[PDB]
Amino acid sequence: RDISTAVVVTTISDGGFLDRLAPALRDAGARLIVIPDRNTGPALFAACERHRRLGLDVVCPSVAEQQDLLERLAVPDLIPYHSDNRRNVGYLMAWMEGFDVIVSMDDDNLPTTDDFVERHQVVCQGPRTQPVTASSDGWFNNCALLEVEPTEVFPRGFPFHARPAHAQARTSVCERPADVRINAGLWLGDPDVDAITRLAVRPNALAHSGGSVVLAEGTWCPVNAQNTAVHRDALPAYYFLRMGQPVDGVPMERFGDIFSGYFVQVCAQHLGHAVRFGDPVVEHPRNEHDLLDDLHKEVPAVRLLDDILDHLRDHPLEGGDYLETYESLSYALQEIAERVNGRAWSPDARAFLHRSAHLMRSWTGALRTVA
């Protein structure tokens, strides 16, 4: 059977990134779902049509076409505008059309090898006994698989409480049954670190030297949405969380895929599935960012992430598939919002988990409508 792959990219650029992204996608026959926004210029639509007649199966639904679909599914207020949260439209469209693989990318992640789509098809491998990687502290640093200067770094969304003692953790590999459903490809150039790390050492990923790994049950690593393949069964749990909720009056941002990466990861391991890190590797000539503005956006989420990850360890989930498990996860987040203690847990911070949980069940309700 032929594996179908759909690449999802939301962007506000002029479409010039298609010149380097299309070749690997066009040669493999994969579909590219470009999600524009209201603040997206008309040059993107002209760039999609130019690459469409070059052989690329690219679609670029206008904001009017996106809103009509979301209104038919009784979720007109779920996905906001002027935000990269609109990539959920691409997730939904690729899921309705029955694609096997959904590859989430940004407009500044460019494949480096011809087998980019083939490597991401590993999420359709199925269960089989394979070498699995476990860590004594329950955390794995995927940036250790890369050659990074000037010093060692951690990925964005990695819990800070476990960073100092992670160097003494024991990494072991064992032959165990595993079912890879999420494949987080690595990145060269500017690695996916938080604004804290980028402001401190300005890391530069030189090469991919560690190969690929599959994480065992209990070993976690943050998964982003800039070079990540998700099997269609696991896609219901890959909802990009809506940002903007204030923490002590400071609205959070840039962590929509940090939560989605951990949410689909804890849902996968509950269902006997695993997350893979490594190939395919992409180039990340990162778009220009105000690093102090990125820091101001991420800190509200960083202040809560360690506590959320700690409570998720002690909260067992229920469900037979990803829809039931993700909805069970949403109820667990509401229980965590009331038991967690900390100086950063103001009433607006606790209410952030409650509104997020409602939006998660609103996302699953839309998927159950098309199904």
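In case it trips you up, residue 1 is the first one in the sequence shown, and so on.
Set 168-176 against 197-205 and average the Cα temperature factors; 168-176 ends up higher. Taking only CA atoms, the mean B-factor in the PDB entry is higher for 126-134 than for the other of 254-262 and 126-134.
When the C-alpha B factors of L309, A344, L32, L323 are read from the deposited coordinates, the top value falls at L323.
Which of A337, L329, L304, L54 has the largest Cα B-factor in the deposited entry comes down to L54. In the deposited entry, the Cα temperature factor of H289 sits in the middle third of values across the chain's modelled residues. The deposited CA B-factor of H273 belongs to the middle third of values across its chain. Per the deposited record, the Cα B-factor of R72 falls in the highest third when ranked against the other modelled residues of its chain.
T113 sits in the highest third of its chain by CA B factor, as recorded in the PDB entry. When the modelled residues of the chain are ordered by C-alpha B-factor, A357 sits in the lowest third.
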